[PDB]
Amino acid sequence: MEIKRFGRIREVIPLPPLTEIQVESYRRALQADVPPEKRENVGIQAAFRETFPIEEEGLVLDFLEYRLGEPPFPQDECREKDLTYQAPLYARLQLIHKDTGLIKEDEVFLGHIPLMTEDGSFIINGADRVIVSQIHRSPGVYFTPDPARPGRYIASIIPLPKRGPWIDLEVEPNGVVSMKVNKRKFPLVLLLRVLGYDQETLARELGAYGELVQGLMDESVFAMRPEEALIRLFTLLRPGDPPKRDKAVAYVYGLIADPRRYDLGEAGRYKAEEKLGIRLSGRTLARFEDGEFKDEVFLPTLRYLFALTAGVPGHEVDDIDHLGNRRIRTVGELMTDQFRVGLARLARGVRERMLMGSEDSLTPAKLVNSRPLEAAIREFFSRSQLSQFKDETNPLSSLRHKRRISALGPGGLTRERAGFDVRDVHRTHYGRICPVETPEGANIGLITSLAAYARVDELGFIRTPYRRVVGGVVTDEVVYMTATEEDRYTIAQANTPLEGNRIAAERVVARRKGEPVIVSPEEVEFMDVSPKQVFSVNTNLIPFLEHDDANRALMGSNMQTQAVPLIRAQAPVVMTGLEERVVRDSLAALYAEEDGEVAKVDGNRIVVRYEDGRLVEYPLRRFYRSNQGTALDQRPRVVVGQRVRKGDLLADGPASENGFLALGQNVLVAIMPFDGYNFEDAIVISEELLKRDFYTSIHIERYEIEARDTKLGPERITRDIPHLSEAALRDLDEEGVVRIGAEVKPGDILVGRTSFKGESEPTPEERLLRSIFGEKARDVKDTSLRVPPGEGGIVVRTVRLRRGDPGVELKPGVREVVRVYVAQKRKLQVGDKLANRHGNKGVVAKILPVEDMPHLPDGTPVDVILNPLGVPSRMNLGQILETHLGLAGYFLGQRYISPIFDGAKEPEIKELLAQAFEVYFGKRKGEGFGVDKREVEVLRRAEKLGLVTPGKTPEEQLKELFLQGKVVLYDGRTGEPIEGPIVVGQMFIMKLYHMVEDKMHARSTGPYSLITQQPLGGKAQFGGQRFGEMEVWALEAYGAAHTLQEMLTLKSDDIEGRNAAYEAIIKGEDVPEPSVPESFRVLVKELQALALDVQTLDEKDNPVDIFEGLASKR
Amino acid sequence: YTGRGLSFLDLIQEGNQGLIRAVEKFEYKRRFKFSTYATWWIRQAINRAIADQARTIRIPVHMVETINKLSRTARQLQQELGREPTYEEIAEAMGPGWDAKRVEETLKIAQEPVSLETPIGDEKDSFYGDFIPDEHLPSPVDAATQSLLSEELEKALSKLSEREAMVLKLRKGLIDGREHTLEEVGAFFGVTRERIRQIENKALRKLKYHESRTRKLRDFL
Amino acid sequence: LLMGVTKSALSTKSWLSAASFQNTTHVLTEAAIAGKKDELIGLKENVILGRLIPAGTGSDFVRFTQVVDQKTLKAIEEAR
Amino acid sequence: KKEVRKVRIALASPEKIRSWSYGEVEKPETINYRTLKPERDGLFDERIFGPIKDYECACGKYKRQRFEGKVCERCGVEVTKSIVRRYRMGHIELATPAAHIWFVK
Amino acid sequence: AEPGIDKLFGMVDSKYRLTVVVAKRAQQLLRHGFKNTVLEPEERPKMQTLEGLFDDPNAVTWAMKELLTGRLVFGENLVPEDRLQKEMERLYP
Amino acid sequence: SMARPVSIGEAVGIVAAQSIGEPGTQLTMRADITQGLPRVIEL
Amino acid sequence: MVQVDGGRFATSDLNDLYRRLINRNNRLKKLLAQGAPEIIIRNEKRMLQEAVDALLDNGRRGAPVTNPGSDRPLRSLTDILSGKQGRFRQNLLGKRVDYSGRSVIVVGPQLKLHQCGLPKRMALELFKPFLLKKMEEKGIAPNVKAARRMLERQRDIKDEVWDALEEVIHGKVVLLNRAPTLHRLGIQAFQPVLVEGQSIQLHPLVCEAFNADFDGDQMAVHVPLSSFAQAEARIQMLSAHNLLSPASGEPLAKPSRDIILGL
DNA sequence: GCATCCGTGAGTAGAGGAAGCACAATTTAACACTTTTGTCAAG
DNA sequence: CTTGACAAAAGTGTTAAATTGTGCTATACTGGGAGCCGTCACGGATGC
Ligand SMILES: O=c1ccn([C@@H]2O[C@H](COP(=O)(O)OP(=O)(O)OP(=O)(O)O)[C@@H](O)[C@H]2O)c(=O)[nH]1
Ligand SMILES: [Mg+2]
Ligand SMILES: [Mg+2]
Ligand SMILES: [Mg+2]
Ligand SMILES: [Zn+2]
């Protein structure tokens, strides 16, 4: 099956590594392999040098270097034993006695740092997790207008999150310039005096504006000494505390000048220098030295504010949603932030220990307690909003998870308090953030995806590539630039016609600061690389995207993440060209390292002898269970003695076919209504799909149980369970565990367990019963593990962990734990959900035998019938064009690649359909068959519909219908043709994760809640359905008083009523009258706890007791 | 002493009680300053109040001191072994009278209860208490089988004589709820102790004979 | 007087229905000082207590209807 | 018997609050840390709020239904149903009066 | 649609009175074991079983059919309720 | 719903609230945004 | 204060709020008996007032009281009754109920307007007490207790049980509900037809009132128990008896989509 | 006329989720012994 | 139906050992510590 490629645009660079946002950021933070003397002041190395040295204020503790050790356990062992994949951390510290001059050095153990796997994830307590990148406002200096009063501006200084307070500079109506700090507004001159600024200094530079400088010229504080001004400022900041200079300088220096408390950031310092046109020595607002404060940023910020208000041409306001003002915090920065938090706590315990207890006899190891540091790191990797359970339904699911961008999390926005403006598609999103891939609902615009060609720079700003255009010719030089840098040029579109490298069009479509213009070739300065750089990886997998509405393209890209792997999965007939790279970068398949020869091929491992002579053996993951329950295994694709080149495929991974992404099947589709089984998105399929094992997938479930120590005695896992027949114990081995290979059904025992009965004398009726049969009560009871309703399959694995085993950390009191893995093979059934890449989805409602399906004149039946009424109002025409191209490939036996916005057009599709008709109809004529009597009838109507040309021969009119994608179709039930030609072709359809097998649930009675005594919720708990307020309104509008009362009392929490109702039904009686609900009794008691006397009365205002006299004091 | 289960104002008020005690016992003849002696009494009151009020389930003072010593030992071994110690290393360092079983039992005692109102997930509509069933009140199924058993047992007893059934009910405790001695049944009817034993045993034999002919009573067992 | 839907519902006579809507602390503190008595007139009050709502089949216009056949009706009337 | 026709809410006096309660809670103890049984004069005391299982006292002298309405002379626990533990209230006697925050803020 | 629902709605002033009459009649049939019915043997509702035709066990279905024959009397304050059940129990023990 | 005089005992208040509120909710989930829902709430 | 299945204990926030008040109340008594100065006594009394405020209404005045080692405020008595999560709106105006189920919906074009398709497996659990009585009436089981054991294991269920379930539901109706329930036609009554499979079959002409379609929608099922409840559902709530709109008086169950296109 | 304070924001489903020590008081367990209570054999 | 038995299951002091509750320590020491703005926006009621 050959592959045909469309398109004209030639890409000069390939896609970057698709997981480099995760992988490269975490390597920079750790610097694990860089020698200690060559390490740069980034990552955790920068955190060590910030907290150290620690001084008592004559003892000093200093930091020299660190190193990372080998992990204790491998990745697969951590998954099986529920461990964390980590590495020990060691620090090399020295203690110096200032009074004496004696030094001691030793290496102290600091704890464990989690390690990232090769694909870019973590193993935390045995589970795979992903750290999601966070977007937030960049630090710096910003100028925005005053919303209340026109012509006025506000200057803001923003540090890194939790690294200082915000500073506001505003010109008050009275003319006084004010500075607001921590919800408190005070005149700026008071602080501006502390920085040693006199009346002669201020008016020299800012006096060239007019009336604004007069508001900074108060003589009440101008003569005041900076020390007096310092104390006065302290009183305003925190009134009530005693004014002392020692306390005063501590507060002012620690608010704007302490590097350990205020941090502008590398990005913030870079932004401040670019805007104000200054150069900063540090990352603080002011610099304290020689016993005085010196200004660094306050003066240049004030000059910009005054000049902006005056109206100088060169000063403009800032757009806060501009992508040059928003930056990304990746996993390395997020981890390092918590590392610095926990390190500051460690230094706080060092200080309290070095001034109390054996001061003369100290060692560095005795001072350092690393418990605070380990708790900070453990908390981040377990209970952070950005640390999420990994999505691995298919290899594409995990790739998308690693490129998501979230505005939520600690230091971010909130879902409820986010407005419209922060959710919009900004013009700078072009080439950096995908405009279509986002969740619908409360998270729309707050979670997004990185563009396919984008990359995050060292300061956290997203850049996109462009090609340099000089003198009308396009060069291959590629420049990555940010949004702020991009605004200065005229950028042409990627589809601009070229004659080699020369621009051929006279009029060129271009962007200037985000808006379309028409320009001459001599005005162009840059060019787009490809149309693929505007969208994300998921959106780039949808062919004919230019013919689909964006609201339905959002559904198509999202649902590709939910497709489950199939045992006979195949690659789509029509592809875009990203299917190979997705499989390669997901690390799910196996490739050869260099040239060699295959020596051994097996279902478990492959051995390759490379041309240098060395043998490398590759084990294969087989029948592994993912986080979502889908089976992940690798199948070999080579034979013994086969020569391979570097990068050749060795074994396919899940949902791949010869190295291409394979999320479904290619089926024959007819577009027509069918007897109402297609009604409102429902789908009809053929029984022939089941016969050849299409849409068949494998799922694995895990079950667990524990044996504990109790006061009454230990629980025992055993085969000898009381009161059980041999039919129940048939599949258990001698240890009480089900044998491997057994078939289990609901109610079957998996692991047998007994527990010691609690001390309780029996009821009198039971005592007489035991006397009659002469049976002695046992001391243990059945507590074994059984299959839940609606589940089952084949037992494929057992795991047994015991106390004392190496690496096993069981909780106190737990003796052993047993785990059982059960696998089932699922075929397509009524109630299962199907979808295509253009957003068309629906559940299977009918399965028909093969002789019932519509069929071609040569006897071939179709596989799927889709309703044409779902197309017009959704405006997703891409599925129609995919069907037309799939019809040509069905007869020609070829597949196609059509890139988005540069691909297959109708004249090319119609030229392929003309070749396919010559084999679809020319074959018939050679075999000795003409035109059917039934086809002549359909042709007669077809020219009354204006579909064919009158006067042509039947063969010529059948070809006219084929070029429109339509054929004559016969009815399987009657043998007569459909009255009009029907669109028939080949389409790629996926089977989604949502199956009716996992969702059907029912309940009669079961567990109840503790306090309210109402039924529990959830299928996993065997809970009932919530009958909420709006449901109660519907029953009231119907006038169904007795039906409403049953749900309120007899079926939720009337304890006496629900017991009597059950006993009446099993006796063949009608249910009795209900009584007071229990939750009303709770409300009365809770109101009495609030010292409120609530009483129920009768017609005569006499009290009525609703507690049966159980709560009345005699 | 902050961060150990009590608020800062609670620690201050507990330390004020130690200062009051120090005034009573202070002696100025010794020429020592007040803060030298009062510091002993102020620390003692704060430390004792922590060991008595910081836990929902109170643990005695001596047992609290054992738990604190056990935590110090494991911290020292952890920084020496480069990893978390096992229970056998902890027991050996604690001293004589300690084995791995005693270490595990002490750690089990030192566990604090968890709140029923703690959320799970991001959205605040799910809490711990929504997943904990109540197992004290009988279910509707269990209440019905109790009454079905009593009704079937009453019909079987009708086949017996008047006194044979009445003696059986007294002995088994079906009337008052509590069983009565052979003598106690004897005093009710005016008969001897040994008479009850044979008549009570005879009624059982008749019940077993009918039971085998109807099989209306075996399922409840 | 004219007032909106929120103010009209919060100034209702029954404190049980007003306290289950909004502003529970303000409603309960005003009812307790006045010693208010809820007569269970509307639908929400009866739902809270699990009573038969006074609407539909639970209304007093149709609730007390009797049904009888001729055989039992002739016997009662003749013997009376 | 009688049907509920009205519900009334009012303030509760100190004298009415003392008539509700079955005893005073004097200790902040919940349960013993070893036997897992309620402590005397605590927040889960059986002598105040009732027995934990039906017709069974704390000491164990009585274990059956025949002594209904009786109070053990050794432990002081009424021999009754354990469901009264959902309905019986206690009280705390304050050393100084305190205001109700509903009638203040 | 229930058979004869249009005629049933025309026999009462309020649609909720029809539901009250039907529900109380069905309770009477259940309590006396269908021995107080006003239907003739050829009018009894039937259900099809693997073993043959038998009486319909649904009492609500019986009540609706009886009410269409015109042999039932309904109203308010017809007879004392205690005296109604005593006579009906005596007639149908 | 029946095209006939209303029967005594119907909760017409609940029906009125559901009749007014339903079209507003479905319109939002499917102009109602501007000068639509806000104007109704203001009235 | 309950012990969970694993041996761990769970307790409510009210216990910690009571413990704080008792501790402060007892300390004040001892301070008064020792003749403490007025500065110490005044501090204790101010702490006692604040402890009562936290028990009644935490966070109304001042900083909320939190459990040590955490920033989550403790739940007070006022929080228990108020809000969307409070006692009124969560437990008194709406509840969770017995005899209810849920599944995915598909279209049944062969149904009548008053019929629906119900899976056998769901109906066995939904009508369990009725089925237990029916099984004992025949020779399937000797008593109700033996009947319940037979249904626990799937491989022990005989073919005659499905015939008995057919006679249980003769004439009965169920309630179908789709969320959100915007008007009263979000709940309608149907006569069930037992089907093979796991999805609920829905009539084409009731989809507009439910605002339902077949791309993943799920629905709930309920069973009315008594004769009053069944009579109300078969007379007032039946789908075939509700054809016009209560809001406008125009037909609500009417031809749509492909039914219009064919005609 | 305006500054300050306070309560409100749709439904169902899922699926993960840091002191010692000495010594007095009190509780518990061990161990005998006395008394009560069934069985057995008569009779 | 009642006697004589007959060991056994249960009840009753007695006491040593775990376990728990409480007081005490004498160089001099005398006012906390974490926060830290897309601070949510709008209406109603109260007090100046
Ligand atoms: O957040 C949500 C989303 C959806 N829904 C409920 O689910 C429905 C989903 O409706 P859809 O968005 O699927 O659209 P539709 O089927 O009405 O579109 P057409 O076929 O007419 O083109 C909504 O109309 C609402 O009933 C919610 O209640 N809440
Ligand atoms: Mg979603
Ligand atoms: Mg739809
Ligand atoms: Mg839908
Ligand atoms: Zn007792």
Side-chain angles (χ1 to χ4, degrees), chain A residues 127 136-137 156 158-159 161-166 168 180-183 241-242 255 261-262 320-321 383 388-389 407 412-414 416-419 421-422 627-628 994 998-999 1001 1017-1020 1025-1031, chain B residues 1-4 8 12 21 25-27 30-41 43-44 47-48 50 52 60-63 65 68-69 71-72 118-122 126 128 131 181-183 191-199 201, chain C residues 4 6-7 22-23 25-26, chain D residues 34 105, chain F residues 21 25 28-29, chain G residues 82-84 94 102 177-182 186 218-220:
Chain A
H136 73 116
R137 299 183 53 181
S156 305
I158 305 171
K162 295 180 177 66
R163 302 297 294 159
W166 293 31
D168 280 292
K180 179 198 305 180
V181 177
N182 291 320
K183 282 173 278 189
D241 287 354
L255 186 85
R261 299 201 66 242
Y262 196 95
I320 47 154
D321 275 302
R383 282 157 298 211
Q388 306 181 356
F389 198 61
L413 292 158
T414 319
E416 292 86 3
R417 318 272 78 101
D421 294 331
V422 311
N627 283 351
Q628 274 61 51
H994 307 280
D998 296 310
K999 303 201 169 192
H1001 174 53
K1019 172 174 178 175
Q1025 301 297 313
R1026 160 79 163 177
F1027 201 81
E1029 291 172 281
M1030 314 191 62
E1031 283 75 31
Chain B
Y1 291 82
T2 66
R4 299 179 54 180
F8 187 38
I12 291 183
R21 183 92 200 107
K25 293 190 61 64
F26 183 78
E27 302 184 336
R30 304 196 188 184
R31 288 191 172 84
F32 295 121
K33 291 194 76 170
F34 182 71
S35 65
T36 303
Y37 184 59
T39 302
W40 278 109
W41 279 113
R43 288 191 311 241
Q44 177 260 354
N47 200 6
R48 187 79 74 183
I50 292 182
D52 283 316
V61 177
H62 72 274
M63 197 69 222
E65 296 175 343
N68 291 333
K69 173 171 207 274
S71 312
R72 299 181 293 118
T118 45
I120 41 181
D122 48 352
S126 168
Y128 276 17
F131 306 94
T181 301
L182 258 76
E183 191 284 299
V191 83
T192 53
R193 293 168 55 247
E194 161 69 16
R195 179 57 187 176
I196 313 292
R197 184 185 158 244
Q198 63 216 150
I199 66 187
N201 194 357
Chain C
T6 292
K7 191 174 179 65
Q22 304 174 179
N23 219 46
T25 300
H26 178 75
Chain D
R34 194 172 63 185
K105 302 305 297 295
Chain F
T25 308
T28 312
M29 305 210 269
Chain G
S82 312
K84 177 144 53 181
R102 177 178 220 88
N177 170 227
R178 190 200 164 248
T181 319
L182 300 185
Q218 280 189 276
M219 272 206 207

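Values below: all heavy atoms of this structure, side chains included; hydrogens, waters and symmetry mates excluded. In what follows, chains are A, B, ... by sequence order, proteins preceding strands, each numbered from 1.
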| Want to settle it: does B:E65 or A:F389 sit nearer the 5' end of DNA chain H, counting the closest nucleotide to each? | A:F389

| said: When the P atoms of H:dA19 and I:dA28 are compared, how many Å lie between them, rounded to an integer? | reply: 25 Å

| field | P spacing across the pair I:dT22 / I:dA26, given as an integer number of angstrom | value | 24 Å

| said: What's the gap between I:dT27 and H:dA18 when it is taken at their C1' atoms, as a whole Å value? | reply: 24 Å

| remark: When rounded to whole Å, the CG to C1' distance for the pair B:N47 and I:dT25 reads 13 Å

| Between NE2 on residue A:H1001 and CD on residue A:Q1025, distance to nearest 0.5 Å | 6.5 Å

| Do B:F32 and B:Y37 have ring centroids that are under 6.0 Å from one another? | no

| note | Between B:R48 and B:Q198, whichever has its closest DNA chain I nucleotide further toward 5' is B:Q198

| task | Rounded to the nearest 0.5 Å, what's the gap from NZ on A:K183 to CH2 on A:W166? Could you check? | result | 14.0 Å

| said: Treating primed atoms plus P, OP1 and OP2 as sugar-phosphate and everything else as base, which nucleotides of nucleotides 41-47 of chain I get B, S or - for protein heavy atoms under 4.0 Å? | reply: ----S--

| Atom pair NZ/OG1 of D:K105 and C:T25 - distance to nearest 0.5 Å | 12.0 Å

| Under the 3.5 angstrom rule, does the side chain of B:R4 hit a backbone N or O of B:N47 as a donor-acceptor pair? | no

| message | Could you tell me how far I:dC48 sits from H:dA3 if I compare only their P atoms? Round to whole Å. | response | 16 Å

| field | Contact nearer the 5' end of DNA chain H, comparing B:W40 with G:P180 | value | G:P180

| Along DNA chain H, first and last positions that approach a heavy atom of chain A under 4.0 Å | H:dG9 to H:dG17

| Whole-Å P distance, H:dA30 and I:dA18 | 10 Å

| query | Please give, in whole Å, the distance from I:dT39 P to A:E416 CD? | reply | 15 Å

| For A:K183 and I:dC37, what is the distance between atoms NZ and P respectively, to the nearest whole Å? | 8 Å

| said: With a 3.5 Å cut-off and heavy atoms only, can you find an N or O donor on one side and an acceptor on the other between the side chain of A:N182 and the base of I:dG35? | reply: no

| Could you give the distance from CG (A:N627) to CZ (A:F389), rounded to the nearest 0.5 Å? | 3.5 Å

| said: Base, sugar-phosphate or nothing for B:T181? Non-hydrogen atoms, less than 4.0 Å. | reply: sugar-phosphate

| field | Euclidean distance, atom CD1 of residue A:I320 to atom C1' of I:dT39 [Å, nearest integer] | value | 14 Å

| Given atom CZ of B:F32 and atom P of I:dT25, what is their separation to the nearest angstrom? | 13 Å

| field | I:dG35 versus H:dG16 - spacing of their P atoms, nearest Å | value | 33 Å

| task | For nucleotides H:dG17 and I:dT30, find the distance between their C1' atoms and express it as a whole number of Å. | result | 49 Å

| note | Between the CD1 atom in B:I196 and the CG atom in B:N201, the distance rounded to the nearest 0.5 Å is 12.5 Å

